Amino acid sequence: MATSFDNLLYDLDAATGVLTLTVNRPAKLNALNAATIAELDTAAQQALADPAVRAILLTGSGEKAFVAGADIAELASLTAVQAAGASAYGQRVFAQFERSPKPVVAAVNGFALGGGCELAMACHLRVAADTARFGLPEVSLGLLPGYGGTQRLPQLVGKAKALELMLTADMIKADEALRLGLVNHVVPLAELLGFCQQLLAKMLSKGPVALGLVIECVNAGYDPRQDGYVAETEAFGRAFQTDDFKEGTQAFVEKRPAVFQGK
(Lines of atoms letter the chains of each structure in order from A and count residues from 1; the text may use other names and numbers.)
(Lines give C-alpha, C1' and ligand atoms only; values in the text may rest on other atoms or scores of the structure.)
Protein backbone atom coordinates (compact mmCIF):
# COMPACT_ATOMS: atom_id res chain seq x y z
CA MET A 1 0.00 0.00 0.00
CA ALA A 2 2.91 2.39 -0.71
CA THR A 3 3.04 4.71 -3.76
CA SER A 4 3.57 2.10 -6.52
CA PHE A 5 0.70 1.29 -8.89
CA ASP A 6 0.29 -0.80 -12.03
CA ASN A 7 -2.57 1.34 -13.43
CA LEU A 8 -2.09 4.80 -11.83
CA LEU A 9 0.58 7.48 -11.69
CA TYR A 10 0.81 9.26 -8.31
CA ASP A 11 2.80 12.52 -8.76
CA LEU A 12 2.86 14.69 -5.64
CA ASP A 13 4.05 18.25 -6.34
CA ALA A 14 5.73 19.06 -3.05
CA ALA A 15 5.84 22.84 -3.68
CA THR A 16 2.12 23.32 -4.25
CA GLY A 17 0.91 20.26 -2.35
CA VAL A 18 -1.26 19.33 -5.35
CA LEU A 19 -1.32 15.59 -6.04
CA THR A 20 -1.93 14.55 -9.65
CA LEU A 21 -3.60 11.15 -9.90
CA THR A 22 -3.48 9.76 -13.43
CA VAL A 23 -5.32 6.73 -14.71
CA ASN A 24 -2.63 5.03 -16.76
CA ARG A 25 -3.84 2.24 -19.06
CA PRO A 26 -3.26 4.09 -22.33
CA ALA A 27 -3.70 1.21 -24.78
CA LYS A 28 -7.09 0.53 -23.12
CA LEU A 29 -8.34 4.16 -23.20
CA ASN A 30 -7.84 4.28 -19.41
CA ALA A 31 -10.78 1.93 -18.88
CA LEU A 32 -11.53 0.75 -15.35
CA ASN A 33 -11.21 -2.80 -14.03
CA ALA A 34 -11.12 -4.49 -10.63
CA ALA A 35 -7.43 -3.67 -10.15
CA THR A 36 -7.69 -0.01 -11.13
CA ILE A 37 -10.64 0.65 -8.81
CA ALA A 38 -8.73 -0.95 -5.92
CA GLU A 39 -5.72 1.20 -6.73
CA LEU A 40 -7.96 4.28 -6.81
CA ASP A 41 -9.14 3.28 -3.34
CA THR A 42 -5.55 2.92 -2.06
CA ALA A 43 -4.40 6.16 -3.72
CA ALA A 44 -7.35 8.09 -2.28
CA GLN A 45 -6.82 6.59 1.19
CA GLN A 46 -3.14 7.60 1.22
CA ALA A 47 -3.71 11.15 -0.07
CA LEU A 48 -6.28 11.82 2.66
CA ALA A 49 -3.82 10.61 5.32
CA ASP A 50 -0.75 12.49 4.06
CA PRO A 51 -0.43 16.09 5.39
CA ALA A 52 1.70 17.03 2.36
CA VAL A 53 -1.27 16.38 0.02
CA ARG A 54 -3.32 19.55 -0.03
CA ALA A 55 -5.51 18.80 -3.06
CA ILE A 56 -6.06 16.29 -5.85
CA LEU A 57 -6.01 16.70 -9.65
CA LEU A 58 -7.43 13.59 -11.35
CA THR A 59 -6.77 12.91 -15.03
CA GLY A 60 -6.05 10.29 -17.68
CA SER A 61 -2.88 9.48 -19.55
CA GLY A 62 -2.71 10.61 -23.14
CA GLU A 63 -4.81 13.00 -25.16
CA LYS A 64 -7.77 10.84 -26.15
CA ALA A 65 -9.40 9.39 -23.01
CA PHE A 66 -9.96 10.43 -19.40
CA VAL A 67 -11.64 7.13 -18.48
CA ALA A 68 -13.55 5.37 -21.27
CA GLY A 69 -15.81 2.80 -19.68
CA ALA A 70 -14.48 -0.41 -18.22
CA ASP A 71 -13.28 -3.89 -19.07
CA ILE A 72 -16.59 -5.42 -20.26
CA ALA A 73 -15.06 -8.91 -20.39
CA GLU A 74 -14.15 -8.63 -16.70
CA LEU A 75 -17.60 -7.24 -15.89
CA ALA A 76 -19.37 -10.03 -17.80
CA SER A 77 -17.49 -12.68 -15.82
CA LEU A 78 -19.18 -11.74 -12.51
CA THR A 79 -22.32 -13.29 -11.05
CA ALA A 80 -25.19 -11.06 -9.98
CA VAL A 81 -24.16 -11.18 -6.30
CA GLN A 82 -20.56 -10.27 -7.11
CA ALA A 83 -21.88 -7.53 -9.41
CA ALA A 84 -23.92 -6.06 -6.57
CA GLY A 85 -20.68 -6.23 -4.58
CA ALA A 86 -18.62 -4.52 -7.27
CA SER A 87 -21.22 -1.73 -7.39
CA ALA A 88 -21.31 -1.24 -3.63
CA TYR A 89 -17.51 -1.12 -3.77
CA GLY A 90 -17.23 1.37 -6.64
CA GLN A 91 -19.74 3.60 -4.86
CA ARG A 92 -17.57 3.53 -1.73
CA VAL A 93 -14.34 4.21 -3.64
CA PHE A 94 -15.76 7.12 -5.65
CA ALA A 95 -17.58 8.56 -2.62
CA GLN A 96 -14.14 8.82 -0.99
CA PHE A 97 -13.33 11.61 -3.45
CA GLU A 98 -16.70 13.34 -2.91
CA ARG A 99 -16.45 13.27 0.90
CA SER A 100 -12.81 14.37 0.90
CA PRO A 101 -11.97 17.60 2.80
CA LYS A 102 -9.15 18.30 0.27
CA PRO A 103 -10.36 19.80 -3.04
CA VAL A 104 -10.62 17.24 -5.83
CA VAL A 105 -10.78 18.42 -9.47
CA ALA A 106 -11.26 16.16 -12.51
CA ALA A 107 -9.33 17.29 -15.61
CA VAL A 108 -11.26 15.64 -18.44
CA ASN A 109 -8.76 15.30 -21.27
CA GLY A 110 -10.85 13.03 -23.49
CA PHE A 111 -13.61 10.44 -23.31
CA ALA A 112 -15.34 10.18 -19.90
CA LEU A 113 -17.74 7.27 -20.51
CA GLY A 114 -19.56 5.03 -18.07
CA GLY A 115 -17.74 4.38 -14.80
CA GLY A 116 -15.41 7.04 -16.19
CA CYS A 117 -18.16 9.63 -16.34
CA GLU A 118 -19.16 8.44 -12.85
CA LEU A 119 -15.61 8.96 -11.59
CA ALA A 120 -15.60 12.54 -12.92
CA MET A 121 -18.99 13.28 -11.34
CA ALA A 122 -17.75 12.18 -7.88
CA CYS A 123 -15.13 14.95 -7.82
CA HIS A 124 -15.99 18.41 -6.52
CA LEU A 125 -15.25 20.20 -9.82
CA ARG A 126 -14.77 19.25 -13.46
CA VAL A 127 -12.68 21.08 -16.07
CA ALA A 128 -13.06 19.71 -19.59
CA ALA A 129 -10.84 20.07 -22.65
CA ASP A 130 -12.05 21.22 -26.09
CA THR A 131 -12.10 17.62 -27.29
CA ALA A 132 -13.77 15.97 -24.28
CA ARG A 133 -16.84 13.74 -24.54
CA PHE A 134 -19.22 12.46 -21.83
CA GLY A 135 -21.89 9.80 -21.73
CA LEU A 136 -23.48 6.91 -19.82
CA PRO A 137 -23.89 4.09 -22.37
CA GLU A 138 -24.68 1.32 -19.88
CA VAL A 139 -28.24 0.66 -21.15
CA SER A 140 -26.74 -0.29 -24.54
CA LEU A 141 -25.49 -3.39 -22.69
CA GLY A 142 -28.67 -3.99 -20.69
CA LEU A 143 -26.96 -2.41 -17.67
CA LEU A 144 -27.42 0.81 -15.74
CA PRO A 145 -24.78 3.05 -14.13
CA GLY A 146 -23.68 1.31 -10.96
CA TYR A 147 -21.15 3.73 -9.44
CA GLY A 148 -23.53 6.51 -8.38
CA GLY A 149 -24.45 7.86 -11.83
CA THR A 150 -28.21 7.58 -11.20
CA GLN A 151 -27.64 9.86 -8.17
CA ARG A 152 -24.92 12.30 -9.25
CA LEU A 153 -26.00 13.03 -12.83
CA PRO A 154 -29.39 14.48 -11.74
CA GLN A 155 -27.68 16.68 -9.19
CA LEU A 156 -25.36 18.12 -11.85
CA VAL A 157 -27.71 18.60 -14.84
CA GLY A 158 -31.21 18.06 -13.45
CA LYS A 159 -33.79 15.30 -13.66
CA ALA A 160 -34.83 15.69 -17.31
CA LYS A 161 -31.40 15.73 -18.90
CA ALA A 162 -30.08 13.01 -16.58
CA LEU A 163 -32.92 10.78 -17.76
CA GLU A 164 -32.34 11.66 -21.41
CA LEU A 165 -28.61 10.94 -21.25
CA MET A 166 -29.08 7.68 -19.33
CA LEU A 167 -32.07 6.48 -21.40
CA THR A 168 -30.67 7.28 -24.86
CA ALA A 169 -26.93 6.65 -24.15
CA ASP A 170 -26.18 9.89 -26.04
CA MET A 171 -22.55 11.02 -26.03
CA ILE A 172 -22.15 14.80 -25.75
CA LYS A 173 -19.33 17.29 -26.29
CA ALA A 174 -17.66 19.63 -23.80
CA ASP A 175 -19.75 22.66 -24.80
CA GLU A 176 -23.01 20.77 -24.13
CA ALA A 177 -21.71 19.44 -20.81
CA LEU A 178 -20.81 23.02 -19.86
CA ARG A 179 -24.29 24.28 -20.81
CA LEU A 180 -25.92 21.45 -18.82
CA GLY A 181 -23.66 21.90 -15.77
CA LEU A 182 -21.70 18.65 -16.07
CA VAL A 183 -18.42 20.61 -16.08
CA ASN A 184 -17.46 23.93 -14.57
CA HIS A 185 -15.19 25.14 -17.41
CA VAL A 186 -14.07 24.20 -20.93
CA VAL A 187 -10.63 25.18 -22.24
CA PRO A 188 -8.20 24.02 -24.95
CA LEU A 189 -6.55 20.71 -24.19
CA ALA A 190 -3.00 22.11 -24.25
CA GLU A 191 -4.13 24.56 -21.54
CA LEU A 192 -6.04 21.98 -19.47
CA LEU A 193 -3.57 20.96 -16.74
CA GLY A 194 -2.30 24.51 -16.27
CA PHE A 195 -5.77 26.02 -15.90
CA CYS A 196 -6.62 23.45 -13.22
CA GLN A 197 -3.45 24.25 -11.29
CA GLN A 198 -4.34 27.95 -11.42
CA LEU A 199 -7.81 27.03 -10.11
CA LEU A 200 -6.35 24.86 -7.32
CA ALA A 201 -4.01 27.76 -6.51
CA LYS A 202 -7.06 29.98 -5.93
CA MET A 203 -8.40 27.49 -3.36
CA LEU A 204 -5.10 26.49 -1.72
CA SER A 205 -4.58 30.11 -0.60
CA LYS A 206 -7.71 29.82 1.61
CA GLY A 207 -8.26 28.19 4.98
CA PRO A 208 -7.73 24.43 4.61
CA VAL A 209 -10.13 23.65 7.47
CA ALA A 210 -12.70 26.03 6.02
CA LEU A 211 -12.39 24.17 2.70
CA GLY A 212 -13.19 20.85 4.35
CA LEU A 213 -16.18 22.17 6.28
CA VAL A 214 -17.67 23.74 3.12
CA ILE A 215 -17.38 20.42 1.26
CA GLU A 216 -18.88 18.67 4.28
CA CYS A 217 -21.81 21.07 4.60
CA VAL A 218 -22.65 20.97 0.86
CA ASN A 219 -22.58 17.16 1.03
CA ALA A 220 -24.95 17.26 4.02
CA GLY A 221 -27.46 19.27 2.00
CA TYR A 222 -27.66 16.55 -0.62
CA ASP A 223 -27.98 13.67 1.90
CA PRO A 224 -31.59 13.49 3.23
CA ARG A 225 -30.39 11.69 6.37
CA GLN A 226 -28.16 14.67 7.19
CA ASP A 227 -29.25 18.15 8.31
CA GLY A 228 -27.04 20.65 6.47
CA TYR A 229 -28.15 23.65 8.55
CA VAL A 230 -27.17 21.97 11.84
CA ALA A 231 -23.89 20.78 10.34
CA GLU A 232 -23.28 24.32 9.05
CA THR A 233 -23.76 25.90 12.49
CA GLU A 234 -21.36 23.39 14.09
CA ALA A 235 -18.81 23.87 11.32
CA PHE A 236 -19.11 27.64 11.81
CA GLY A 237 -18.18 27.53 15.50
CA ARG A 238 -15.54 24.92 14.72
CA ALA A 239 -13.79 27.11 12.11
CA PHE A 240 -14.11 30.08 14.50
CA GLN A 241 -11.98 28.28 17.10
CA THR A 242 -9.12 27.54 14.68
CA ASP A 243 -5.85 29.46 14.55
CA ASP A 244 -6.49 30.04 10.85
CA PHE A 245 -9.57 32.13 11.61
CA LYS A 246 -7.68 34.21 14.18
CA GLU A 247 -4.98 34.57 11.50
CA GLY A 248 -7.42 35.17 8.64
CA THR A 249 -9.10 38.00 10.56
CA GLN A 250 -5.78 39.65 11.51
CA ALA A 251 -4.68 39.53 7.85
CA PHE A 252 -7.98 41.10 6.78
CA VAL A 253 -7.91 44.17 9.04
CA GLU A 254 -4.13 44.67 8.55
CA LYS A 255 -4.65 44.07 4.79
CA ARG A 256 -1.72 41.59 4.56
CA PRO A 257 -1.92 38.02 3.18
CA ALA A 258 -3.03 35.31 5.54
CA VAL A 259 -0.74 32.45 6.56
CA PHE A 260 -3.04 29.48 7.09
CA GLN A 261 -1.64 26.29 8.57
CA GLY A 262 -4.73 24.08 8.85
CA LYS A 263 -5.16 24.68 12.59
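We number the residues from 1 along the sequence you see.
A.B. asks: Higher mean Cα B-factor in the deposited model: 71 to 79 or 160 to 168?
C.D. replies: Stretch with the higher mean C-alpha B-factor: 71 to 79.
A.B. asks: Using the temperature factors in the entry, find which of 143, 180, 93, 121 has the highest value at its Cα atom.
C.D. replies: Each of 143, 180, 93, 121 was compared by C-alpha B-factor; the highest is 143.
A.B. asks: If I read the C-alpha B-factors straight from the PDB entry, which of 29, 204, 230, 215 is highest?
C.D. replies: Answer, based on the entry's C-alpha B-factors: 29.
A.B. asks: When the modelled residues of the chain are sorted by Cα temperature factor, does residue 51 land in the lowest, middle or highest third?
C.D. replies: For residue 51, whose C-alpha B-factor we compare with every modelled residue in the chain, the answer is the highest third.
A.B. asks: Could you say whether, by C-alpha temperature factor, residue 87 belongs to the lowest, middle or highest third of its chain?
C.D. replies: Lowest third.
A.B. asks: Pull the Cα B-factor of residue 197 out of the PDB entry and bin it into the chain's lowest, middle or highest third.
C.D. replies: CA B-factor rank for residue 197: highest third.
A.B. asks: Check where residue 173 lands among this chain's C-alpha B-factors and tell me if it's the lowest, middle or highest third.
C.D. replies: It falls in the top third of the chain.
A.B. asks: Taking the values exactly as deposited, rank residue 36 by C-alpha B-factor within its chain and report the matching third: lowest, middle or highest.
C.D. replies: It falls in the middle third of the chain.
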